[PDB]
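[1] This block holds the first chain(s) of the complex, placed as they are in the complex; more will follow:
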Amino acid sequence: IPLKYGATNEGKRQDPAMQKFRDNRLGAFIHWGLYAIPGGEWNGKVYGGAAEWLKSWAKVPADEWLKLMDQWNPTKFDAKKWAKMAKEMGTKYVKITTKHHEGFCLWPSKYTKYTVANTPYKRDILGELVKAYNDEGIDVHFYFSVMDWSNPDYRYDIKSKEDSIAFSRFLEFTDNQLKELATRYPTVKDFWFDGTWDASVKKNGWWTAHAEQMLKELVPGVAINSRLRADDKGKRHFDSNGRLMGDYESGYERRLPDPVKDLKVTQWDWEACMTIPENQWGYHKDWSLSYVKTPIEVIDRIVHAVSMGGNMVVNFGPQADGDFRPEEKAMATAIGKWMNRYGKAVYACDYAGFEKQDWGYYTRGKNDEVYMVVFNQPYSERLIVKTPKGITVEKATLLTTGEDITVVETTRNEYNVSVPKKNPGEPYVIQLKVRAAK
């Protein structure tokens, strides 16, 4: 099908900027906005829904919601501390909410009064974060919500002549903010779009293709996520020729691809994001309301992503005062101790092409290292490895100690790899040397 506004990449991008986005592998997400103030409570009622949607849950008028700017004073905010927290965690990039659905900008936009500038704190939070993260060697990605609850020219659908004209004004406004972010903060490496699912955006595929090109023209090598993009026909993420639009698929949140049934995902770049609670992105005061993931449950999902050729981003919702809740400091600390030991099987790794086994995941390094990441320790003391046609295992090594690991052939294309003599007592890595028959 001829499309003017469909996909622009033939397979994965291999330019250095995309290779860096991919090699980074582990990200953090920051959700910070006016929603951190009520933290899921409005007018004495606590709402179970995602805190950053509280304006919706509590049916708050825009005027009353955005009045929260008068209370915005994150006195314990310290962009250097935040960047050290991310660096200690082992995050290679941070994705920041520049503007959520609420419409409150974390940078002093000249296109709205609903920004950091018009609060008691006054400071350009986005700018302080970009510089602090960048000083730590950490890449910065901008989340941006097209849907904007603060602009009455937004429309969910086009059902009239006045909807058409208002939505045209809305797209001009959106272009102004996007160009302003690209120009103010040229170290930006990615635009992660949200609030682009409505019938209104679907009917403006041309506009989604325009925003992608506009930002690519302003920011050499910038990445753009698939959630932005609709084609000529208003088909999202993948065009009507089934090709991926944008630079990477960003449709995975809180259910990762099946390691046996979804090997299709290894054909394109992709990024999963995840919450620590079941479904809280912004600060919610009461994490007793849903299940809260442990560090290992989070590390399992990071390795799972990389094992299938994808990035993983772990969300944080900072407190209204500018500090991180205890649960989130414990998470970043725990992930960071594990990444310092075992990160060689995450950073710059990818799909290995081996059949999934029960003990954990395989990942593949740039020089054909095959890492076994063991999450489930067999009582048998043998890790089953089934090799693809023509692949043999020549050696196994415990990554953290360098100790040689016994490898025994059990049948054609199957080995037992021995567990370490001493139980590592957490998820661990055995590095395989393998050979391809010519």
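    Yep, it's here. Residues are numbered from 1 along each chain as shown, chains lettered A, B, ... in the order given.

[2] Phi, psi for residue A:415 please.
    phi -130, psi 150 (degrees, to the nearest 10).

[3] contacting residues for it?
    Contact analysis of residue A:415 by CB atoms under 8 Å, 6 or more residues apart in numbering lists A:384, A:385, A:387, A:393, A:407, A:408, A:409. Where C-beta positions appear, they are placed from N, C-alpha and C, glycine not excepted.

[4] can you pick the most crowded of those?
    The residue in those with the most neighbours, by other CB atoms under 10 Å, is residue A:385 (25 neighbours).

[5] any idea what that one is structurally, helix, strand or coil?
    Put simply, residue A:385 is strand when judged by DSSP: H, G, I helix; E, B strand; the rest coil.

[6] That one contacts residue A:391, doesn't it?
    No: contact between residue A:385 and residue A:391 fails when scored by CB atoms under 8 Å: they sit 9.7 Å apart.

[7] if we can go back for a sec, farthest-separated two in the contacts of residue A:415?
    Greatest spatial distance among the contacts of residue A:415 (CB to CB): A:387 and A:408, at 13.3 Å.

[8] Report the secondary structure state of the closest residue to residue A:278 other than its chain neighbours.
    Among residues not flanking residue A:278 along the chain, residue A:290 sits closest, at 3.8 Å (CB to CB, 6 or more residues apart in numbering). Here residue A:290 is recorded as coil under three-state DSSP.

[9] Equivalent analysis for residue A:314, please.
    strand.

[10] ok, it - contacts?
    Here residue A:314 is in contact with A:26, A:27, A:28, A:29, A:89, A:91, A:274, A:276, A:298, A:302, A:331, A:335 (criterion: CB under 8 Å, 6+ apart).

[11] just residue A:427 next, same as before
    Contacts of residue A:427 (CB under 8 Å, 6+ apart): A:296, A:299, A:300, A:303, A:338, A:342, A:360, A:373, A:374, A:375.

[12] Just the buried ones out of those residues, please.
    Those of these that meet the buried threshold are A:299, A:300, A:303, A:338, A:342, A:360, A:373, A:374, A:375, by 16 or more other CB atoms under 10 Å.

[13] wait, isn't the last one in contact with residue A:302?
    Spelled out, that is residue A:375. No: contact criterion CB under 8 Å: residue A:375 and residue A:302 do not qualify, at 11.3 Å.

[14] Which parts of chain A belong to which domain?
    What curated CATH domains lists as the domains of chain A is A:1-347+A:437-438, A:348-436.

[15] Tell me which of those is the most buried.
    domain A:1-347+A:437-438 (a mean of 19; mean count of other CB atoms under 10 Å).

[16] next one: that one to chain centre, how far?
    Centre-to-centre, domain A:1-347+A:437-438 and its host chain are 7 Å apart (CA atoms, centre = their mean, to the nearest Å).

[17] Tell me the span between the first and last residue of that domain.
    40 Å (CA to CA, to the nearest Å).

[18] Over to stretch A:377-389?
    Where stretch A:377-389 begins and where it ends lie 26 Å apart, using CA to CA.

[19] Can you name the residues in contact with it?
    Contact with stretch A:377-389 is made by A:353-355, A:357-359, A:372, A:374, A:393, A:408, A:410, A:413-419, A:423, A:430, A:432, A:434, as judged by CB under 8 Å, 6+ apart.

[20] one more chain, chain B:
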Amino acid sequence: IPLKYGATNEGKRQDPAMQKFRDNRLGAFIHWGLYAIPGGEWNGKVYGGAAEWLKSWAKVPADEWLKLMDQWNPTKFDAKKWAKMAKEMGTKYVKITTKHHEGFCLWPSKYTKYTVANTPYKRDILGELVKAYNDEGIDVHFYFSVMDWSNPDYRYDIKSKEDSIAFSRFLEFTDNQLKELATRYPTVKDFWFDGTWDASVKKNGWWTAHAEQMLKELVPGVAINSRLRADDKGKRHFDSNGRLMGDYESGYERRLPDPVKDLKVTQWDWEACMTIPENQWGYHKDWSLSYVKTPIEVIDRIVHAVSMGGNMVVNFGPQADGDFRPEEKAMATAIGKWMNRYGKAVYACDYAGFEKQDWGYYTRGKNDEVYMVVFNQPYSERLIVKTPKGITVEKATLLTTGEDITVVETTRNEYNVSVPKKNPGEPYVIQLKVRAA
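    Same chains as before, plus chain B:
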């Protein structure tokens, strides 16, 4: 498709005899015959192939092979010590080679001279084992090879009038031995046929249906394996309508059914068999030539079978002297030590209807117990349980202790059934209380 010699069961038999066959779940195989004497070596060459096929590997003439009878003298043999070893192991049934391809009979058959009777030992080994196993409360099943290298009336195909005349004589001989086993040893619970794959048997489907019928008449509630059976069109195991013949499917000697892709096996009774080495059933003197399974690799396979509504039989190949090699005594000892702790999860258990998880297998007790048989201990300290649509986990208990196990709900239809407060330190069992509505 209209069939006279297709399936005789509609779904699973549920008479007490089949319920016993199924509840037993854990079997032992015994491969014992003349092949135990050479143990895979013939004229100074050790053959790497299955030792019970040595006659075929070394191309031994029947006359020369069957002369091994002259050396058959297992003076270390004691059926009571065999029946005790099987009892310690937690085996509920024993499948015994009455006659393997070589055609040497472990019972004094009237229809051939190639029997224990015509050896120095003289004694009815089969009858001795039947009594010893039965007195320890162990069911006894008869392996029987229709293909018989001792009888020149055997044919692989029927391509001449002489082929027809000879094979007809061979089927008469086969019926005689089958009738003789069923009458001499009426405690027999099952006949597990082998040597039935040749065009000669496939083209005589009527006969396979006759041997099943004849044995079911002589032995009330006897089981008959799928391997015997060919229908009217020569379709084996499953008839041309896709319906299982005999009382259970006998396969998965190479690989067990896949826990995700082959849930279809839960629809019929089935039994897997396995070797401890990669492919040795009869005694082979050199177990260094292939990989030898550890006890936990064997218990993994047993639990896998029951988790998919199947039986598992672990093979033993006794030495020519009538004793068992050190590796087989260690295996039997270890399987029993584990089965005494955790056997509630195996005996009289079946498919649980739960989505397979990485840490191990579900089995279902007769009263809706759900056992998590944990082989792969998560560092997370959380065992993921996705329940089917309309099931909840009310509690969890370390089977060996009484100790209660924290269940946490995580999403709709998912839990972190906690691991036991203390790590059972081997494949272990946590028991779940479920509830539907």
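
[21] and the contacts of stretch A:377-389, now that chain B is in?
    Residues from elsewhere that reach stretch A:377-389 (CB atoms under 8 Å, 6 or more residues apart in numbering or on different chains): A:353-355, A:357-359, A:372, A:374, A:393, A:408, A:410, A:413-419, A:423, A:430, A:432, A:434, B:294, B:296-297, B:300, B:374-377, B:379, B:425-428.

[22] Please repeat the previous calculation with a cut-off of 6 Å.
    A:353, A:355, A:357, A:359, A:413-417, A:419, B:296-297, B:375-377, B:426-427 (CB atoms under 6 Å, 6 or more residues apart in numbering or on different chains).

[23] Enumerate the residues of chain A near chain B.
    Applying CB under 6 Å from any CB of the partner chain, we find that chain A lies next to chain B at A:291, A:296-297, A:358, A:375-380, A:410, A:426-427.

[24] Go again with 8 Å.
    Proximity of chain A to chain B, by CB under 8 Å from any CB of the partner chain, involves residues A:260, A:278, A:291, A:294, A:296-297, A:300, A:358-359, A:375-382, A:408-411, A:416, A:425-427.

[25] Which of the residues you listed fall in strands?
    Among these, the residues falling in strands (DSSP state E) are A:376, A:377, A:378, A:382, A:408, A:409, A:410, A:411, A:416.

[26] What segments of chain A are helices?
    For chain A, the helices defined by DSSP state H occupy A:16-24, A:54-57, A:62-66, A:79-89, A:125-135, A:161-184, A:199-202, A:205-218, A:295-307, A:326-342.

[27] which non-adjacent residue is nearest the closest residue to chain B within chain A?
    Taking CB to the nearest CB, chain B has its nearest neighbour within chain A at residue A:376, 3.5 Å off. If the residues on either side of it in the chain are set aside, residue A:376 comes closest to residue B:376, at 3.5 Å by CB to CB, 6 or more residues apart in numbering or on different chains.

[28] sorry, back to before: beta-bridge partners for the residue of chain A closest to chain B, please?
    Counting by DSSP bridges, residue A:376 forms beta bridges with residue B:378.

[29] So residue A:58 sits against residue A:49, correct?
    No: when contacts are counted by CB under 8 Å, residue A:58 is not listed as touching residue A:49 (9.3 Å).

[30] Would you check that residue A:150 makes contact with residue A:100?
    No: taking contacts as CB under 8 Å, residue A:150 lies outside contact range of residue A:100: 10.1 Å.

[31] What's the end-to-end length of stretch A:240-248?
    17 Å.

[32] oh sorry, the question was meant for stretch A:256-273
    9 Å.

[33] got the contact list for that stretch?
    Applying CB under 8 Å, 6+ apart, the external contacts of stretch A:256-273 come out as A:11-13, A:18, A:21-22, A:27, A:29, A:95, A:225, A:244, A:247-250, A:252-253, A:301, A:304-305, A:307-313, A:315, A:351, A:356, A:361, B:260.

[34] just checking, the residue of chain A closest to chain B touches residue A:360?
    Yes: look at residue A:376 against residue A:360 with CB under 8 Å: they come within range, at 6.2 Å.

[35] hmm, back to that, what about the residue nearest to residue A:376, neighbour count?
    23 (other CB atoms under 10 Å in any protein chain shown).

[36] If anything else comes up later, I'll come back, but that's it for now.
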